[PDB]
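K.L.:
Following this message is one structure expressed as structure tokens.
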Amino acid sequence: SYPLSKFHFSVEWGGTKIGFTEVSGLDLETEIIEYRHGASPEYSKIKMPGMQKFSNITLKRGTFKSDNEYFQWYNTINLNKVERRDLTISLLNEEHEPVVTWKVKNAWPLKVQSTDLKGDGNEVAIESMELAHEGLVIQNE
Amino acid sequence: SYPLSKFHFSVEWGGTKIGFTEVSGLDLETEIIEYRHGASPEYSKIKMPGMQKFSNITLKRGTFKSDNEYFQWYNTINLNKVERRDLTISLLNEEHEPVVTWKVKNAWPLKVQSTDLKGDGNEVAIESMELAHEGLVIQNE
Amino acid sequence: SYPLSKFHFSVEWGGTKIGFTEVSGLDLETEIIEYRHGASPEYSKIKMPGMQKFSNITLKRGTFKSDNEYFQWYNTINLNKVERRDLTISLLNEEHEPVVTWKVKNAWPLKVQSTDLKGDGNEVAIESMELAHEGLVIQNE
Amino acid sequence: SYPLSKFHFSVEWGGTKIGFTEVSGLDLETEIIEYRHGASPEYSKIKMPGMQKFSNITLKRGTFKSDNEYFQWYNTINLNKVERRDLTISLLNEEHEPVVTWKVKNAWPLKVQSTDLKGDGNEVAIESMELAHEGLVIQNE
Amino acid sequence: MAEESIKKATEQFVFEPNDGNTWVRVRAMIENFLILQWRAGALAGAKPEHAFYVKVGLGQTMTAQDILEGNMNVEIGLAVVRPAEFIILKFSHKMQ
Amino acid sequence: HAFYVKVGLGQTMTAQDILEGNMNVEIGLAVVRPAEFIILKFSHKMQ
Amino acid sequence: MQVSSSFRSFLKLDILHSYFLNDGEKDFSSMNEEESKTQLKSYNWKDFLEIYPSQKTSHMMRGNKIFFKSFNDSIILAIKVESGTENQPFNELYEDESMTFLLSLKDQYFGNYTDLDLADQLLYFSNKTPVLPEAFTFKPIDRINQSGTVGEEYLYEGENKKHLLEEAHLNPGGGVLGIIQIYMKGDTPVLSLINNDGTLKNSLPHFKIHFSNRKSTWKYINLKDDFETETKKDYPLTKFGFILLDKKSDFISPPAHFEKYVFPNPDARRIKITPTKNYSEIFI
Amino acid sequence: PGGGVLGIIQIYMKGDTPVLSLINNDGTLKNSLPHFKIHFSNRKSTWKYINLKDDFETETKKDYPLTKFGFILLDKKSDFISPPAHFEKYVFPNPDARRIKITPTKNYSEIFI
Amino acid sequence: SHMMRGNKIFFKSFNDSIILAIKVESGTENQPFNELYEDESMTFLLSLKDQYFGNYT
Amino acid sequence: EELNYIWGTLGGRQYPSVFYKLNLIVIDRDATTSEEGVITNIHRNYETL
Amino acid sequence: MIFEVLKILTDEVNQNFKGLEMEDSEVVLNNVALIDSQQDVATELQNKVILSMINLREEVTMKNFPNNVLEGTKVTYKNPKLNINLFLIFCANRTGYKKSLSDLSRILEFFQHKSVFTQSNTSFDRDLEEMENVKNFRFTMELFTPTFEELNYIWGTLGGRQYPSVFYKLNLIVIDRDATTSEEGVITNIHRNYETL
Amino acid sequence: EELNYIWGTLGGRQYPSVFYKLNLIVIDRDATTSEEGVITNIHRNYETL
Amino acid sequence: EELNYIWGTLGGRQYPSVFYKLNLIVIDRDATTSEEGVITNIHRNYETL
């Protein structure tokens, strides 16, 4: 058929703007359990799945005037309480409709990083955020 | 709209001059607490926010005649005493007015680094300072 | 064939909740009676079974708002009387059904241990209980 | 539902300050009385509750200029007399209100331990106290 | 109880475009709710796949006529646990 | 929830203040109040 | 178990400001259809104003199934209706029910370009005459087909101000520009939302709020040539328009070499306001 | 219970007539492989062309079929109802099958220029 | 599926068609290995994957 | 190194020059692809699975 | 299919200039490297926009796909298909420098609005004799902007004197002879033999 | 490597040469954008929140 | 970068082109250097060290 490209995408996160520059960290991983008893004629181990793990998601975008959304979400931490959100990330075709969707439950931010300030170059300001979550389901149909 | 650039900025630190070359280390981070009991049908953990952390800020500028400000602040350390200052860092527009401001409380210096001396190159002298602090608030409105 | 894992289980103890983070002490033990008479050709002793013993059972879990159950059971002790309960511990399959069951007769709380407190400690408050009992039967069919 | 953390708490002990870095020893314990008669079909013993016990409570904090309170309370001991106090320990919520309270009857200072000194040691001077008491009640409503 | 929560989830789209972007968001919101109810033990089933289903979209719940009228159709199923009412104890002599 | 501070054109100042040379600062504070009267009510326990 | 619902428009409000919509001397209100559309494409009321319901209003709206939607030039409320019809509210509405919305500003230069004397006063709009402790006059929120802009007729002070702020139960931090209060039944049929039998009206009520822009004398300063000059008449401040000044006759005491000079239009960031004329200083 | 079924196909070893059966009377497989067919038809519609910049609309005179790979050339003024003043400079694309208005009479496909 | 396993009937597919095949007795072309009866039947289900099927069909 | 790249595509013989960087020219045809109506009716169906 | 795809693309840009009532702008397929060669080709290039092909690549994700056909009880064997990406340039060579900058805006505006091209989309003449081999196609256009080091590489192979230009990347031309190598019959008899070892 | 870059933009045929680096030419138009008066009155308002 | 290297040694003005890689031309003169006879007798001598 025709392979998909990765430069057209959108993110629904509960803010005003959905345009970002990069997304990373959409992975699934299971730990392994191994076993051997002494009477086996093979001298290697047998393997089983065990407990599951999820990794943190990083989002990056540019800095604009009168948009303090990153800091407003991070400011809802009060001792053990936070505002948890659903996160929907889609890969789009040429008529801007979803093709592959990543569905994330119970997300909250743990790290907010601002831009660094340099005098000599010509560069725009990028801000970054890291999210913790409790599960991910991939839909491609 | 139009994205912001990162080469026009100012720092209010209690000294005479406000022009610097680079700023880094303006971050926020929260540690994580995890939990699972044995009867849960999901085989992964649930996540909460816990204690908070701040990272050190680095400032760099050039070396000039009759300006020993870095060493004068570092020389106020007497056993457990130091002069703590407020720090205000702003990103400026084309008419030199603030747009994004980082507000820092209770800062004091812990490392002062001088330039290295080399004979063969053509290079100016840069001095650097590292600061410890107790909190940061971002204002963009 | 593969062995069973040890992280999916439940405990029925006469309380509101069945989830725990740790269970230990499900042991069985007997005494040995030794004998030798002077005319024996062997210089070792002959052994036979003595009286039976059981170990105490330890249960641990996190603390929650408004759940004061460990204290309420303990507080039923009145001189030589106490509320005794049947304790059922079960290791579960993928359908969340029992596979291996440990049946415990007449349990009662010897000791209740509360959470320690640390100004700089990032963690979950854990509470624990130690139970006396009069017998253990193991079922695996 | 999420469990409570263990780093935000306060202690009321009849002193000027309520902040501590560590609290430990909030335990409850009872004795076991065992019995068997010769004709029983079982070769194990029957168990019932005995007398009650309590553990000593340890409190730690840093030292401050002009705060000589640990020594002043200890110094109220005069042969068989001592000033006894009601000790209240509380685990706090995000509004800084009590959630779980430990109520302790008749406490008095057994031991006061001062700070060690090191020529090359970079750290806070810590002092500690060990308290005797006559009873503990746990409230979580 | 389940209806109150689901209703709030779909009311957020009263004057939104009726297209694929909406259908995906609506479905994701509903499933996350139901997964949590399953995790807490409200629903039967070894995995969420056996506890419930949600369907939204052209070709599943909608046709061309619904796009024209401005309708959005959401279909939901749930596996709900039932109680025991009668316990019967049968007694006999042991043979031996 | 404890305090607020407001300074600036459009918040505390207008064009007239810029012209005159004024600076207006607005501050609010949440201050704690004491208990004065403790009332103890006694009764017989019913049982 | 089948569940169904249906929603219909309940009330529309038009939010305009001349600073962003006019083009130099050309008044938005006198533009033709293509001209009007063109100007609207660059306008968004949320660039300067923030609008939201009071806590009591939010509670009521939830109970009565009333929703709040917004567009770059307007606000539309929508209501749940009975299945099978177009005009019967699901829940019965009563004549004295009302909704209260608050206005606040985000644009720090609003006061420089907006021609309204807001010093120490509350701006108030409604479709029903209030009952206040001191004598006052009253005019309603204007309809979409009426002329005019926001003026002094909508400002309150003293005890009347205090009274209105208290009834609306506002937060101690203040920062309120004004209050908008709409009743289901107003002082006349053309301002009401419903008919006598509770039926929704068959013509959507359509109200308007429009702010005017400030004018000033332009002063040009040339330090290197050491000369100053002023225009003869005031010109409007606008965001996107342009006024060309190119005749000696346009100025009071024009320079000797006028033909080589260019005269830029002023911004609205700095302005001198006096009881008579306003002034804008421009450096060359 | 999840449904989602379009239809059901049921084949019996012995049908209502010999030509629809799989086997003979003695159980022997037939000597001519049974060969059945299912064929779906395609929908037709009126094409409407919308030109916003020139502010004009036009429609074709007769319905045309929707297909995935074919192409219909429309190039005469006579093909249209109320064709534009400068028809000679315009190109009229064929519609997709992603959006269509279905009514009891005609179906319509809207195409923007 | 259960019946097809029992009677040795297989399901194959091509871009324009479906063909079923059956095990036969060794040495011949037309005798099914297992006896078939007149009222036995096979049921197949149809479902759609193309979301636009209803617009063009 | 960058001056060698720039004058390598202009001939190879430099002249006195300054370089500038211009920001944000907006290119947009502003044409319409489609029009549709918004959601006004919601129906929910429940079954016991 | 290289010439036929680029000839179709040349007609779509020329149709867009016609709808805007611009009678001076026309795109021509030739090579940019001979603009100032001064040998018999440069007279065709004057006062025109020139479209050229500068590079060829191969799509890697589809390289190991098979291409056999099954029908009845018979299989035919074929070689796997070749898939090719292109890199293109639009080079404006008008008499006035101001006119070249106006044509480059129109080309940037055209591909901003329409990026997918099919056999049903386009308006090329199907009856033409040179286009008798084309049946079904689909390709996308995507804007490509190089760095200063990459521009030095590109114009280093075209002369060393740049012109106002834009660069594009074309996706998936399919090249396939569709010839048969072999035919065989499928498996219809299975025999199994067992022995005690 | 640097000599190849420098003479690559000057023709490609070197001559006997020395190179120097000059420090700090100041470029400034020294024009006025605005004039304002300084702070002379301060007012503070307190409320119990 | 590779196209710039290839056309840099062919003139600097490219043409429409495709590139191919050919495998295994064998070059061998097949001449004799020496001839000898193989091992046919083996002798072993042992001593006590």
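So you can find residues: chains in the structure tokens are A, B, ... in the order shown, residues in each start at 1, and ligands are numbered from 1 in order.
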Residues of chain B within 9 Å of chain A, using only C-alpha atoms, as a ChimeraX atom specification?
P.N.:
/B:1-9,20-32,42-51,91,99-100,137-141
K.L.:
Restricting it to N, CA and C atoms, dump the selection as a compact mmCIF listing (two decimals), in the first residue's frame.
P.N.:
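Saved result, result02.txt, follows:
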# COMPACT_ATOMS: atom_id res chain seq x y z
N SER B 1 -0.21 32.76 16.27
CA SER B 1 0.33 34.09 16.52
C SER B 1 1.77 34.19 16.03
N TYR B 2 2.66 34.68 16.89
CA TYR B 2 4.10 34.69 16.52
C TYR B 2 4.90 34.14 17.70
N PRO B 3 5.77 33.14 17.49
CA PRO B 3 6.59 32.57 18.55
C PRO B 3 7.63 33.56 19.07
N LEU B 4 8.06 33.33 20.30
CA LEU B 4 9.04 34.18 20.95
C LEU B 4 10.46 33.66 20.71
N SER B 5 11.41 34.59 20.67
CA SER B 5 12.82 34.26 20.58
C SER B 5 13.48 34.42 21.94
N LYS B 6 14.69 33.88 22.07
CA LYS B 6 15.33 33.73 23.37
C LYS B 6 16.68 34.43 23.48
N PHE B 7 16.94 35.47 22.69
CA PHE B 7 18.22 36.17 22.78
C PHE B 7 18.13 37.55 23.43
N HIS B 8 16.95 38.03 23.80
CA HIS B 8 16.79 39.33 24.44
C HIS B 8 16.20 39.11 25.85
N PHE B 9 16.94 39.43 26.90
CA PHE B 9 16.55 39.12 28.27
C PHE B 9 17.35 39.97 29.24
N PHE B 20 23.77 39.62 30.57
CA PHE B 20 24.43 38.34 30.73
C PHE B 20 24.52 37.65 29.37
N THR B 21 25.17 36.48 29.34
CA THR B 21 25.26 35.72 28.10
C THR B 21 24.36 34.49 28.06
N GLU B 22 24.25 33.75 29.15
CA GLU B 22 23.33 32.63 29.16
C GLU B 22 22.77 32.32 30.54
N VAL B 23 21.55 31.78 30.57
CA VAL B 23 20.88 31.34 31.79
C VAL B 23 20.38 29.92 31.55
N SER B 24 20.55 29.04 32.54
CA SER B 24 20.00 27.69 32.46
C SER B 24 19.56 27.22 33.84
N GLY B 25 18.71 26.19 33.84
CA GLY B 25 18.33 25.51 35.06
C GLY B 25 17.02 25.94 35.70
N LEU B 26 16.06 26.43 34.91
CA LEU B 26 14.77 26.89 35.44
C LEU B 26 13.74 25.77 35.31
N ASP B 27 13.74 24.86 36.29
CA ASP B 27 12.93 23.64 36.21
C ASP B 27 12.11 23.43 37.47
N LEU B 28 11.05 22.62 37.33
CA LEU B 28 10.21 22.17 38.43
C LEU B 28 10.04 20.66 38.33
N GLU B 29 10.09 19.97 39.46
CA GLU B 29 10.05 18.51 39.46
C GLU B 29 9.44 17.98 40.75
N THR B 30 8.58 16.96 40.62
CA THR B 30 7.94 16.30 41.75
C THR B 30 8.29 14.81 41.73
N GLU B 31 8.64 14.27 42.89
CA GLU B 31 8.85 12.84 43.05
C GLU B 31 7.53 12.08 43.03
N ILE B 32 7.61 10.77 42.87
CA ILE B 32 6.44 9.93 42.64
C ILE B 32 6.34 8.87 43.73
N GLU B 42 -5.67 -5.37 37.64
CA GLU B 42 -4.57 -4.84 36.86
C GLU B 42 -3.25 -5.21 37.52
N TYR B 43 -2.25 -5.55 36.71
CA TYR B 43 -0.94 -5.96 37.21
C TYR B 43 0.10 -4.86 37.05
N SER B 44 -0.31 -3.61 37.27
CA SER B 44 0.58 -2.46 37.28
C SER B 44 0.24 -1.61 38.49
N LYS B 45 0.98 -0.52 38.68
CA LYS B 45 0.86 0.30 39.87
C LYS B 45 0.09 1.59 39.61
N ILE B 46 -0.44 2.17 40.70
CA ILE B 46 -1.08 3.49 40.69
C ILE B 46 -0.09 4.51 41.23
N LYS B 47 -0.24 5.78 40.83
CA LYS B 47 0.78 6.80 41.04
C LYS B 47 0.20 8.07 41.65
N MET B 48 0.96 8.67 42.57
CA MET B 48 0.65 9.87 43.33
C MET B 48 1.82 10.85 43.32
N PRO B 49 1.56 12.15 43.43
CA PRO B 49 2.65 13.09 43.71
C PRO B 49 3.07 13.09 45.17
N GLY B 50 4.36 13.34 45.40
CA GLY B 50 4.92 13.46 46.73
C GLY B 50 5.68 14.76 46.98
N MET B 51 6.96 14.66 47.32
CA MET B 51 7.77 15.82 47.67
C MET B 51 8.37 16.47 46.43
N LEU B 91 11.99 37.84 30.01
CA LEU B 91 12.15 37.78 28.57
C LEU B 91 11.45 38.98 27.94
N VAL B 99 7.69 39.97 29.18
CA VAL B 99 6.65 39.08 28.67
C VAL B 99 6.51 37.83 29.53
N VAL B 100 7.62 37.15 29.79
CA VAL B 100 7.66 35.98 30.67
C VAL B 100 8.67 36.26 31.77
N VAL B 137 8.35 30.72 40.71
CA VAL B 137 6.99 30.97 40.22
C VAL B 137 7.09 31.62 38.85
N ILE B 138 6.34 31.10 37.87
CA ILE B 138 6.36 31.58 36.49
C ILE B 138 5.12 32.43 36.24
N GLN B 139 5.32 33.63 35.69
CA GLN B 139 4.24 34.57 35.39
C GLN B 139 4.29 34.94 33.91
N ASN B 140 3.21 34.61 33.17
CA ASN B 140 3.07 34.93 31.74
C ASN B 140 1.62 35.34 31.50
N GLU B 141 1.36 36.64 31.59
CA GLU B 141 0.02 37.17 31.38
C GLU B 141 0.08 38.55 30.72
K.L.:
Any idea what's packed within 12 Å of residue 107 in chain K, counting only C-alpha atoms, ignoring anything in its chain fewer than 6 positions away? Could you give it as a ChimeraX atom specification?
P.N.:
/J:27-29 /K:10,12-17,25-27,49,51,89-92,100-101,113-115,141,143,165-168
K.L.:
How would the residues just chosen look if you wrote them out with N, CA, C and O atoms as a compact mmCIF listing (two decimals), in the first residue's frame?
P.N.:
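Okay, selection-v3.txt is ready:
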# COMPACT_ATOMS: atom_id res chain seq x y z
N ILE J 27 1.33 32.59 4.00
CA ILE J 27 0.84 32.16 2.69
C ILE J 27 -0.37 31.26 2.90
O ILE J 27 -0.27 30.23 3.58
N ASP J 28 -1.50 31.64 2.31
CA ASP J 28 -2.76 30.95 2.56
C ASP J 28 -3.75 31.29 1.46
O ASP J 28 -3.98 32.46 1.18
N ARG J 29 -4.33 30.26 0.84
CA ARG J 29 -5.29 30.47 -0.25
C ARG J 29 -6.68 30.80 0.29
O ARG J 29 -7.47 31.46 -0.39
N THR K 10 2.80 18.81 -14.85
CA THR K 10 3.03 20.06 -15.56
C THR K 10 1.71 20.68 -16.03
O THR K 10 1.55 21.90 -16.02
N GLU K 12 -1.27 20.37 -14.53
CA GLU K 12 -2.07 20.86 -13.41
C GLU K 12 -1.64 22.25 -12.97
O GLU K 12 -2.48 23.07 -12.58
N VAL K 13 -0.34 22.54 -13.03
CA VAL K 13 0.14 23.87 -12.67
C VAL K 13 -0.23 24.88 -13.75
O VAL K 13 -0.55 26.04 -13.46
N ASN K 14 -0.21 24.46 -15.02
CA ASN K 14 -0.55 25.36 -16.11
C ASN K 14 -2.04 25.67 -16.14
O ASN K 14 -2.45 26.74 -16.60
N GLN K 15 -2.87 24.74 -15.66
CA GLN K 15 -4.30 25.00 -15.55
C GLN K 15 -4.60 26.00 -14.45
O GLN K 15 -5.54 26.80 -14.56
N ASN K 16 -3.80 25.98 -13.38
CA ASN K 16 -4.02 26.91 -12.27
C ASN K 16 -3.64 28.33 -12.64
O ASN K 16 -4.24 29.29 -12.15
N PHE K 17 -2.65 28.49 -13.52
CA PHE K 17 -2.30 29.82 -14.01
C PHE K 17 -3.39 30.37 -14.93
O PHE K 17 -3.56 31.59 -15.05
N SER K 25 2.70 33.24 -17.63
CA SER K 25 3.38 32.22 -16.85
C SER K 25 3.08 30.84 -17.42
O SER K 25 1.91 30.44 -17.51
N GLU K 26 4.12 30.12 -17.83
CA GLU K 26 3.99 28.73 -18.25
C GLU K 26 5.15 27.91 -17.71
O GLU K 26 6.29 28.39 -17.67
N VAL K 27 4.86 26.68 -17.30
CA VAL K 27 5.86 25.74 -16.80
C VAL K 27 6.27 24.83 -17.95
O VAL K 27 5.43 24.43 -18.77
N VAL K 49 9.23 29.20 -16.42
CA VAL K 49 9.49 28.42 -15.22
C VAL K 49 9.82 27.00 -15.66
O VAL K 49 9.13 26.44 -16.52
N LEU K 51 10.72 22.97 -14.68
CA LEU K 51 10.60 21.87 -13.74
C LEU K 51 11.56 20.75 -14.13
O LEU K 51 11.61 20.34 -15.30
N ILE K 89 12.56 20.29 -8.57
CA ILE K 89 12.81 21.72 -8.41
C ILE K 89 11.88 22.49 -9.36
O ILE K 89 11.59 22.04 -10.47
N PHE K 90 11.36 23.61 -8.88
CA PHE K 90 10.73 24.62 -9.72
C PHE K 90 11.66 25.83 -9.75
O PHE K 90 11.87 26.47 -8.72
N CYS K 91 12.21 26.13 -10.92
CA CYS K 91 13.17 27.21 -11.07
C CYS K 91 12.58 28.31 -11.96
O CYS K 91 12.29 28.07 -13.13
N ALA K 92 12.42 29.50 -11.39
CA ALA K 92 11.85 30.62 -12.12
C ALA K 92 12.94 31.39 -12.86
O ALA K 92 13.96 31.76 -12.27
N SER K 100 9.57 36.87 -11.26
CA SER K 100 9.91 35.53 -10.78
C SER K 100 9.44 35.32 -9.35
O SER K 100 9.03 34.22 -8.98
N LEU K 101 9.48 36.37 -8.53
CA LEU K 101 9.05 36.26 -7.14
C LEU K 101 7.53 36.16 -7.03
O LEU K 101 7.00 35.67 -6.03
N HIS K 113 -3.01 24.13 -1.15
CA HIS K 113 -4.43 23.83 -1.20
C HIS K 113 -4.71 22.41 -1.70
O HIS K 113 -5.65 21.77 -1.23
N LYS K 114 -3.91 21.91 -2.63
CA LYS K 114 -4.13 20.59 -3.23
C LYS K 114 -2.84 19.80 -3.19
O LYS K 114 -1.84 20.21 -3.79
N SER K 115 -2.84 18.66 -2.49
CA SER K 115 -1.64 17.86 -2.35
C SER K 115 -1.76 16.41 -2.82
O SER K 115 -0.74 15.73 -2.89
N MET K 141 2.49 15.45 -2.88
CA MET K 141 3.54 16.46 -3.00
C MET K 141 3.81 17.05 -1.62
O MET K 141 2.87 17.34 -0.87
N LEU K 143 6.54 19.83 0.54
CA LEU K 143 7.54 20.88 0.42
C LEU K 143 8.81 20.51 1.18
O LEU K 143 8.75 20.00 2.30
N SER K 165 14.00 29.63 -6.43
CA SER K 165 13.65 28.22 -6.59
C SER K 165 12.91 27.71 -5.36
O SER K 165 13.09 28.22 -4.26
N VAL K 166 12.09 26.69 -5.58
CA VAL K 166 11.48 25.90 -4.51
C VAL K 166 11.70 24.43 -4.82
O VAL K 166 11.83 24.03 -5.97
N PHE K 167 11.73 23.62 -3.77
CA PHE K 167 12.04 22.20 -3.87
C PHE K 167 10.88 21.37 -3.35
O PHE K 167 10.27 21.71 -2.33
N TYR K 168 10.58 20.27 -4.03
CA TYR K 168 9.48 19.39 -3.65
C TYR K 168 9.91 17.93 -3.70
O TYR K 168 10.84 17.56 -4.41
K.L.:
Could you make a table, as CSV, of the residues of chain K that have an atom within 9 Å of an atom of chain H, each with its nearest atom pair and distance in Å to one decimal, counting only C-alpha atoms, in chain and number order?
P.N.:
residue,atom,partner,partner_atom,distance
K:15,CA,H:91,CA,8.5
K:18,CA,H:89,CA,7.1
K:19,CA,H:89,CA,6.4
K:118,CA,H:69,CA,9.0
K:119,CA,H:69,CA,7.2
K:120,CA,H:71,CA,5.4
K:121,CA,H:93,CA,6.0
K:122,CA,H:93,CA,7.4
K:123,CA,H:91,CA,7.2
K:136,CA,H:69,CA,7.4
K.L.:
Taking N, CA and C atoms for each residue, export the selection above as a JSON list (two decimals), in the first residue's frame.
P.N.:
[["chain", "number", "residue", "atom", "x", "y", "z"],
["K", 15, "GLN", "N", -2.87, 24.74, -15.66],
["K", 15, "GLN", "CA", -4.30, 25.00, -15.55],
["K", 15, "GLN", "C", -4.60, 26.00, -14.45],
["K", 18, "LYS", "N", -4.14, 29.48, -15.59],
["K", 18, "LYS", "CA", -5.20, 29.91, -16.49],
["K", 18, "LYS", "C", -6.41, 30.44, -15.73],
["K", 19, "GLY", "N", -6.76, 29.81, -14.60],
["K", 19, "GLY", "CA", -7.88, 30.27, -13.81],
["K", 19, "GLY", "C", -7.63, 31.60, -13.11],
["K", 118, "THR", "N", -4.88, 12.00, -8.30],
["K", 118, "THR", "CA", -5.30, 10.68, -8.73],
["K", 118, "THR", "C", -5.76, 10.72, -10.19],
["K", 119, "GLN", "N", -6.17, 9.56, -10.69],
["K", 119, "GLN", "CA", -6.64, 9.46, -12.07],
["K", 119, "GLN", "C", -8.02, 10.08, -12.24],
["K", 120, "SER", "N", -8.76, 10.24, -11.14],
["K", 120, "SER", "CA", -10.06, 10.90, -11.19],
["K", 120, "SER", "C", -9.94, 12.40, -10.90],
["K", 121, "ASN", "N", -8.84, 12.81, -10.26],
["K", 121, "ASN", "CA", -8.69, 14.20, -9.83],
["K", 121, "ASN", "C", -8.31, 15.12, -10.98],
["K", 122, "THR", "N", -7.42, 14.65, -11.85],
["K", 122, "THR", "CA", -6.66, 15.52, -12.73],
["K", 122, "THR", "C", -7.42, 15.80, -14.03],
["K", 123, "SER", "N", -6.95, 16.81, -14.76],
["K", 123, "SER", "CA", -7.62, 17.28, -15.97],
["K", 123, "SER", "C", -6.77, 17.13, -17.22],
["K", 136, "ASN", "N", -3.76, 3.77, -13.56],
["K", 136, "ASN", "CA", -4.16, 4.13, -12.20],
["K", 136, "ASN", "C", -2.96, 4.68, -11.45]]
K.L.:
I'd like to know which of D:84, D:17, D:37, D:61 is closest to residue 131 in chain D, using only C-alpha atoms.
P.N.:
D:84
K.L.:
Considering only C-alpha atoms, extract the chain L residues located within 10 Å of chain J and return them as a short mmCIF file (atom, residue, chain, number, x, y, z; two decimals) with N, CA and C atoms, in the first residue's frame.
P.N.:
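Output (selection.cif):
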data_model
loop_
_atom_site.label_atom_id
_atom_site.label_comp_id
_atom_site.auth_asym_id
_atom_site.auth_seq_id
_atom_site.Cartn_x
_atom_site.Cartn_y
_atom_site.Cartn_z
N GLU L 1 42.74 24.41 6.41
CA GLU L 1 41.33 24.31 6.05
C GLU L 1 40.69 25.69 5.99
N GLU L 2 41.11 26.60 6.87
CA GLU L 2 40.54 27.95 6.88
C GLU L 2 41.04 28.79 5.71
N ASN L 4 41.64 27.66 2.77
CA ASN L 4 40.88 27.21 1.62
C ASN L 4 39.51 27.87 1.57
N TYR L 5 38.90 28.12 2.74
CA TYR L 5 37.62 28.82 2.79
C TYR L 5 37.77 30.29 2.39
N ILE L 6 38.84 30.94 2.84
CA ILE L 6 39.00 32.38 2.63
C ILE L 6 39.32 32.67 1.17
N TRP L 7 40.31 31.98 0.60
CA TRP L 7 40.66 32.19 -0.80
C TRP L 7 39.68 31.54 -1.75
N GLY L 8 38.75 30.73 -1.25
CA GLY L 8 37.69 30.20 -2.09
C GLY L 8 36.67 31.24 -2.49
N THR L 9 36.52 32.29 -1.67
CA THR L 9 35.63 33.40 -1.97
C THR L 9 36.34 34.59 -2.58
N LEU L 10 37.63 34.49 -2.87
CA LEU L 10 38.39 35.59 -3.45
C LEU L 10 39.02 35.23 -4.79
N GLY L 11 38.65 34.09 -5.38
CA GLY L 11 39.25 33.71 -6.65
C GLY L 11 39.91 32.35 -6.77
N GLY L 12 40.65 31.91 -5.76
CA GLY L 12 41.30 30.61 -5.80
C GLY L 12 42.78 30.60 -6.13
#
K.L.:
Using only C-alpha atoms, find each residue in chain E having at least one atom no more than 12 Å away from chain C; report its shortest atom-to-atom pair and that distance in Å (one decimal), rows by chain then rising number, as JSON lines.
P.N.:
{"residue": "E:40", "atom": "CA", "partner": "C:19", "partner_atom": "CA", "distance": 11.5}
{"residue": "E:41", "atom": "CA", "partner": "C:96", "partner_atom": "CA", "distance": 10.9}
{"residue": "E:44", "atom": "CA", "partner": "C:95", "partner_atom": "CA", "distance": 9.8}
{"residue": "E:45", "atom": "CA", "partner": "C:95", "partner_atom": "CA", "distance": 7.5}
{"residue": "E:46", "atom": "CA", "partner": "C:95", "partner_atom": "CA", "distance": 5.1}
{"residue": "E:47", "atom": "CA", "partner": "C:95", "partner_atom": "CA", "distance": 8.7}
{"residue": "E:50", "atom": "CA", "partner": "C:95", "partner_atom": "CA", "distance": 11.0}
K.L.:
Let's have the selection written as a PDB file, in the first residue's frame, with C-alpha atoms.
P.N.:
ATOM      1  CA  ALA E  40     -12.816  -1.545  41.334  1.00  0.00           C
ATOM      2  CA  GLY E  41     -14.844  -4.777  40.921  1.00  0.00           C
ATOM      3  CA  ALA E  44     -17.642  -9.016  35.637  1.00  0.00           C
ATOM      4  CA  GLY E  45     -14.933 -10.314  33.254  1.00  0.00           C
ATOM      5  CA  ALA E  46     -11.227 -11.348  33.238  1.00  0.00           C
ATOM      6  CA  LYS E  47     -10.187  -8.302  31.185  1.00  0.00           C
ATOM      7  CA  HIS E  50     -15.189  -9.148  28.547  1.00  0.00           C
TER       8      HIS E  50
END
